[PDB]
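Engineer: Handing you this structure, nothing more for now.
Protein chains in written order, with the entry's author numbering: chain W, 547 to 568, 606 to 635, 746 to 1006; chain H, 108 to 117; chain G, 761 to 806; chain C, 44 to 317, 348 to 355; chain S, 7 to 366; chain L, 298 to 384; chain X, 41 to 107, 117 to 144; chain D, 100 to 117; chain V, 536 to 560.
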């Protein structure tokens, strides 16, 4: 009664299995015999007294890989050919028949032998869909820069698809800020939704694939590496609120059009502000009359023509 | 944070 | 409340950011620098 | 101190090659070039030199035994399709890059390389054609030098570039073809980060296994059961059905069933372990 | 759709194996015939812990709740605190986290609170020198469990911090076809809210059993007292047989109840450790589930492990069957060429798992 | 056919995106904005993240009070008074 | 000799240590942890600039040459192509 | 009427703040 | 139909600083 077969004969219960060839893992401690019996068993300890140069680094790694590869062949050799195929599967070089179901009828009808049919296996990560945020640059030979939220056909792994990427910067490693276009001649952080992939997986982007719209221009639009995988992103955009001064008293001044109601001011009481000239200031309090007007103090006197800005995201 | 323990217990 | 939670949050990131850079900056100086003084003294010995 | 430098240039990133120790699959050779550059006539010329037989028409992958222990599969890339260009670059172990010498470089010749440059080097060989169109030897040799030094730009300096003058009876110069054939044999291939960690194969033949009765009682709109045959590459494919796999330009279909068939074009080197004969085509 | 399982059997592992795969799972018929059917509080707390360390996972427990549907997300880890029901000690939840921490986007820094010891779960000392040494062998260079507070039952009050700084693509392939030689035996004797004499009495009980062996025997006396001693009086022992040649360890542990003699307990665990050594070939039974799973998620290559016939038991069989249901991987076994013992060599092909969740 | 169906949903999605791509941007995404451009009091609804220049004035909560009085009792317990003395 | 007689050194790029640095074009942003292939000793090397740092990524081959004291080494070739050539967009790095 | 509209708007603001 | 490569492709001059004409001779 070899247990190699019995282990995978699910019809036989595990308790039935053990006895023939002779409870729960949630209990970490394994089962032990009764205490007094163990003591008598272990009055004598004799039963277990028995238990107690390569020239370069590079070839050592090569040696380790080869030595590991040699191990697989040795065991694969002795394994029965059926047992091998069960474990290793079909090895490369094997001529195999693959049967598929639920294929579109168009593939059968619109079949041209000239166009190749390539089949590529997928690891678990390729099945997952989520946000792929990556380092991307406009290709040097491409005429125009890419735009955010602009469709782009991307070549990832075995799969090609069209997606709407968003191009971002780290802003001195402080936040993920959205860009309108690619940098002219450098990489930028690019976020898009699609099938996930392992890091270190490179890709290309193309904006047009049809022959009709090919034109005379070079087509490979963008190049990059998947640097990140996640299923959210927190891309943010700078939103600047603009108000105007109408009454200025040395450092103190009153501003209008920044907000619509005093309630809006109240939420932003305590908020930092500055002018176009760069004079930093502060929202002190909301003026009762008229609505939306608030008092602000600046490090120096501002002028009527000065425009005050509140930086937000 | 995404994903939640949608608990249908009464 | 939000103002308090923010400002206290920002300080730790700034403090940790300084602390990490100081450590990695200095450890490179100590360890690599010792090898530099080691290499040059063999060069002087030659 | 040259020895230290020579001892240095041999060191590289330690990789693992998953190529089987026994019975490796035929290498995929991609014949890529602009339309009309001579892709079809090139394939016909090589296959004749390898197996001494001429194929009037070529469609889909063509597998031959090019050596005692080496086998090749020749694929013609549709020059007018960019999508076809991309996926072949993901699997083409070797590329025969066709360039019209009289015209010079063309965009797709660059773009195929560029797609290759981002998806991992296969071996790439430059083949220059229509050189007979040149009328003067001076302009010919100058064009060759300019063409060659550029091919050293995209591909490592000193990369081989083969030259073909004209086509006779639908065949290139036999002596030149023989030189290319030997070159295809001496090339030693490389481990690639994408190829060695996913299982892939190129379909040599296509078959629909759907019952004709089903096609009629439900209609042609019904989904179809399809069988695909060919040689596996890269990592071994797990035997159990249900594996998740992708077909380019079609979608992701889970294997319903799989089985290993005898090699239609077995290598002689395997057989003698168990010559004009030894060269086979399937 | 969903690979379906039955009962509360192997609840933590099936959830864990689902997470490593990314394959969604359904577990149904949990305690259907029980007066209190469905999930118990600690395992409900466990599912929350799984959610804390992952992103995008979907965990549905049915209205009757004898069925739980789990769609795993990506392992992210991060800094978090877990408040834990008294029904289980710390070992219950920290142990499965050991399967997930090295393959995470952000380092696992989980502060843990509750009872710290029990009769059926891994103790702190068991985790410290019984299991991290195993993952150290698998390549997890940095893994630590800091004991900030010890909490004995029934009131607990303990506190332990799990930190796994090492993030790795996958465990290294295992090659251990020999029986490690035990070079020395160590351990920690600990107590809470009681006199140091009790700790000294336990080590006496352990020492008298083991003096027959010609090892060095050094058991630490880690008496816990004061504010950090928790809320209840309790005491325990853990004895570890250590092999410095290849860094292998076998360990046994138990906690003392009210009315029990410290000498008797120290004596009991000594016999238990000797029992475990006799039953072990390369790792103890309590360490086998950690090793096999790590082996299975290794690179696409065969590793080798030596297993004793005493170790292939009911738990091992169901463990393997669960692995195949998720991973489709089969553990193949070979008799050892020696005749002195009847040991067994388990050979497993890794599924080529990689930590795609670690950022480069 | 099923494939031709999914094209229709894609053909539905593509038209929506084209309309959004050409539609006027929302006030939030318009960069510089003024009160008149946006809806009135929209900023109450929207959660916006803004810097604060100065410290928040502390609130004397109970757990603050107990901490201070514990300090006061300790000095009186130790008789540590930082007080002027005749010289 | 720093390289034991060689003029250049091949290395394995392990980690871009200064990647988190807030200040752009900082000296620390330009350092990368590289392990020498000939011996396995871990070493730090400079990158010419932050823009060039985009090109170097983990587990690619790099060629080192003599040059935050202690860093003696500058990357001159990555993946078989000169960094300056990539910086000048005269080339592409092969993968 | 206008006062009622102001009160309803401000109630909406209160609810949104929560 | 045939789309010859442009000058930027032809020389691969890339990004270079502007240089004075006098340097040419």
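Here a beta-carbon is modelled for each residue, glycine too, at the ideal position from N, C-alpha and C.
1. With DSSP run on the structure shown, which of helix, strand or coil describes residue 291 of chain C?
2. Taking the alpha-carbon of residue 865 of chain W as reference, which of X:90, X:99, X:122, X:98 has the nearest alpha-carbon?
3. From C:84, C:64, C:54, C:48, pick the residue whose C-alpha is nearest to that of residue 210 of chain C; which is it?
4. Of the residues X:59, X:76, X:77, X:78, which one's Cα is nearest the Cα of residue 87 of chain X?
5. Near residue 350 of chain S, which residues of its chain fall below 6 Å by C-beta distance, leaving aside the five closest residues on each side in sequence?
6. Just to confirm the assignment, what range does the alpha helix (DSSP H) spanning residue 624 of chain W have?
7. Taking its Cβ as the centre, do 16 or more other Cβ atoms sit within 10 Å of residue 40 of chain S, making it buried, or is it exposed?
8. Measure the alpha-carbon distance for residue 937 of chain W versus residue 338 of chain L and round it to whole angstroms.
9. Could one say the Cβ of residue 298 of chain L lies closer than 9 Å to chain C's Cβ atoms, at least one of them?
10. Interface residues of chain X around residue 541 of chain V at Cβ under 7 Å?
11. With a threshold of 9 Å between beta-carbons, can residue 772 of chain W be considered close to chain C, or not?
12. Quick one: what's got a C-beta closer than 8 Å to residue 205 of chain C's C-beta in the same chain, skipping five residues either side?
13. Suppose only complete runs of 3+ residues qualify. What are the beta strand (DSSP E) ranges in the region 75-162 of chain C, listed by chain order?
14. Comparing the C-beta of residue 341 of chain L with each C-beta of chain D, is any distance below 9 Å?
15. For residue 283 of chain C, count neighbouring Cβ atoms within 10 angstroms of its own Cβ and tell me buried if that reaches 16, exposed if not.
16. For the region 243-263 of chain C against the region 803-810 of chain W, are there 3 or more C-beta pairs whose distance is under 8 Å?
17. First and last residue of the beta strand (DSSP E) that includes residue 215 of chain C?
18. Quick check on DSSP: helix, strand or coil for residue 350 of chain S?
19. With 9 Å as the threshold, decide whether the Cβ of residue 361 of chain S is near any Cβ in chain C.
20. Return the CA-CA distance between residue 981 of chain W and residue 933 of chain W, expressed in angstroms with no decimal places.
21. In three-state terms, what does DSSP make of residue 865 of chain W?
22. Which residue from W:755, W:622, W:971, W:816 puts its Cα closest to that of residue 359 of chain S?
23. From residue 322 of chain S to residue 113 of chain S, what distance separates their C-alpha atoms?
24. Does any residue of chain H have a CB that is nearer than 9 Å to the CB of residue 376 of chain S?
25. Count the other C-beta atoms from every protein chain shown that fall within 10 angstroms of the C-beta of residue 126 of chain S, then say buried if there are 16 or more, exposed otherwise.
26. Do the region 49-66 of chain C and the region 777-793 of chain W make contact, defined as three or more Cβ pairs closer than 8 Å?
27. Is there a Cβ of chain H sitting closer than 9 Å to that of residue 61 of chain S, yes or no?
28. Can you grab the Cα-Cα spacing for the pair residue 644 of chain W / residue 635 of chain W, in whole Å?
29. For residue 260 of chain C and residue 307 of chain L, I'd like the C-alpha separation in whole angstroms.
30. Between which two residues does the alpha helix (DSSP H) carrying residue 894 of chain W extend?
31. Work out the CA separation of residue 166 of chain C and residue 117 of chain C for me, nearest whole Å.
32. Can you pull the chain C neighbours of residue 554 of chain W, defined as C-beta to C-beta under 9 Å?
33. With 8 Å as the limit, tell me which residues of the region 264-282 of chain C have their beta carbon closer than that to any beta carbon of chain W; keep them in chain order.
34. Which chain X residues sit within Cβ distance under 8 Å of residue 161 of chain C?
35. With 9 Å as the threshold, decide whether the Cβ of residue 240 of chain C is near any Cβ in chain S.
Structural biologist: The relevant details are as follows:
1. Against the fourth chain, residue 291 of chain C aligns to sequence position 248. Correct three-state label for residue 291 of chain C: coil.
2. Stepping through the first chain from its first residue, residue 865 of chain W is reached at position 172. Cα-wise, what sits closest to residue 865 of chain W is X:90.
3. If you number the fourth chain from 1, residue 210 of chain C lands on position 167. Nearest C-alpha to residue 210 of chain C: C:84.
4. Translated into the one-based positions of the seventh chain, residue 87 of chain X becomes position 47. Among X:59, X:76, X:77, X:78, the Cα nearest to that of residue 87 of chain X belongs to X:59.
5. Numbered from its first residue, the fifth chain carries residue 350 of chain S at position 344. In chain order, 313, 339 place their CB closer than 6 Å to the CB of residue 350 of chain S, counting only its own chain and leaving out the 5 sequence neighbours on each side.
6. Within the first chain, numbered from 1, the residue matching residue 624 of chain W stands at position 41. First-last of the alpha helix (DSSP H) with residue 624 of chain W: 618-624.
7. Counting from one through the fifth chain, the residue named residue 40 of chain S turns up at place 34. Under this definition residue 40 of chain S is an exposed residue.
8. Position 244 of the first chain, counting from 1, holds the residue named residue 937 of chain W. Position 41 of the sixth chain, counting from 1, holds the residue named residue 338 of chain L. Between residue 937 of chain W and residue 338 of chain L, the C-alpha separation is close to 18 Å.
9. Residue mapping note: residue 298 of chain L aligns to position 1 of the sixth chain, counting from 1. Yes, its Cβ sits closer than 9 Å to a Cβ of chain C.
10. The residue given as residue 541 of chain V occupies position 6 in the ninth chain. Within 7 Å Cβ-Cβ: nothing; residue 541 of chain V doesn't reach chain X, min ~15 Å.
11. Within the first chain, numbered from 1, the residue matching residue 772 of chain W stands at position 79. Cβ-Cβ to chain C under 9 Å: no for residue 772 of chain W.
12. On the fourth chain, residue 205 of chain C is found 162 positions in, with the first residue counted as 1. 168, 169, 170, 171, 219, 222, 223, 226, listed in sequence order.
13. 105-108, 114-119, 137-143
14. Indexing the sixth chain from 1 puts residue 341 of chain L at position 44. It does: the Cβ of residue 341 of chain L has a partner Cβ on chain D nearer than 9 Å.
15. Here residue 283 of chain C corresponds to residue number 240 of the fourth chain, with the count starting at 1. Classification of residue 283 of chain C: exposed, given that the 10 Å Cβ count is below 16.
16. yes
17. For this step, residue 215 of chain C is matched to residue 172 along the fourth chain. It is not in any beta strand (DSSP E) - residue 215 of chain C carries neither H nor E in the DSSP assignment.
18. Residue numbering aside, residue 350 of chain S sits at position 344 when the fifth chain is read from its first letter. Correct three-state label for residue 350 of chain S: strand.
19. Here residue 361 of chain S corresponds to residue number 355 of the fifth chain, with the count starting at 1. So, not an interface residue.
20. Counting from 1 along the first chain, the entry for residue 981 of chain W is found at position 288. Counting from 1 along the first chain, the entry for residue 933 of chain W is found at position 240. Roughly 24 Å separates the two Cα atoms.
21. Position 172 of the first chain, counted from the first residue, corresponds to residue 865 of chain W. If DSSP states are grouped into helix, strand and coil, residue 865 of chain W belongs with coil.
22. The residue given as residue 359 of chain S occupies position 353 in the fifth chain. Nearest of W:755, W:622, W:971, W:816 to residue 359 of chain S, Cα basis: W:816.
23. On the fifth chain, position 316 is the one that residue 322 of chain S refers to. On the fifth chain, position 107 is the one that residue 113 of chain S refers to. Whole-angstrom Cα-Cα distance: 31 Å.
24. As displayed, chain S neither begins before 7 nor continues past 366, which places residue 376 of chain S out of reach and without an answer.
25. The residue given as residue 126 of chain S occupies position 120 in the fifth chain. With fewer than 16 other Cβ atoms within 10 Å, it is exposed.
26. Three or more Cβ pairs closer than 8 Å define a contact, and the region 49-66 of chain C meets that threshold against the region 777-793 of chain W.
27. Here residue 61 of chain S is taken as the residue at index 55 of the fifth chain, counted from 1. Chain H, which has a Cβ nearer than 9 Å to the Cβ of residue 61 of chain S, makes this yes.
28. Between 635 and 746, chain W has no modelled residues, which means residue 644 of chain W does not appear in the coordinates.
29. As a working note, residue 260 of chain C is residue 217 in the fourth chain. As a working note, residue 307 of chain L is residue 10 in the sixth chain. Going by the C-alpha atoms only, they are around 30 Å apart.
30. One-based indexing of the first chain puts residue 894 of chain W at position 201. Counting along the chain, residue 894 of chain W falls outside any alpha helix (DSSP H), and DSSP gives it neither H nor E.
31. For this step, residue 117 of chain C is matched to residue 74 along the fourth chain. For this step, residue 166 of chain C is matched to residue 123 along the fourth chain. The straight-line gap from Cα to Cα measures roughly 14 Å.
32. Taking the first residue of the first chain as 1, we reach residue 554 of chain W at position 8. The premise fails here: residue 554 of chain W is roughly 12 Å from chain C at the closest Cβ pair, so nothing lies under 9 Å.
33. 264, 265, 266, 267, 268, 269, 270, 271, 272, 273, 274, 275, 276, 277, 278, 279, 280, 281, 282
34. As a position in the fourth chain, residue 161 of chain C is number 118, starting the count at 1. Correct list: 141, 144.
35. Residue 240 of chain C sits at position 197 when you count from the first residue of the fourth chain. Interface residue, yes.
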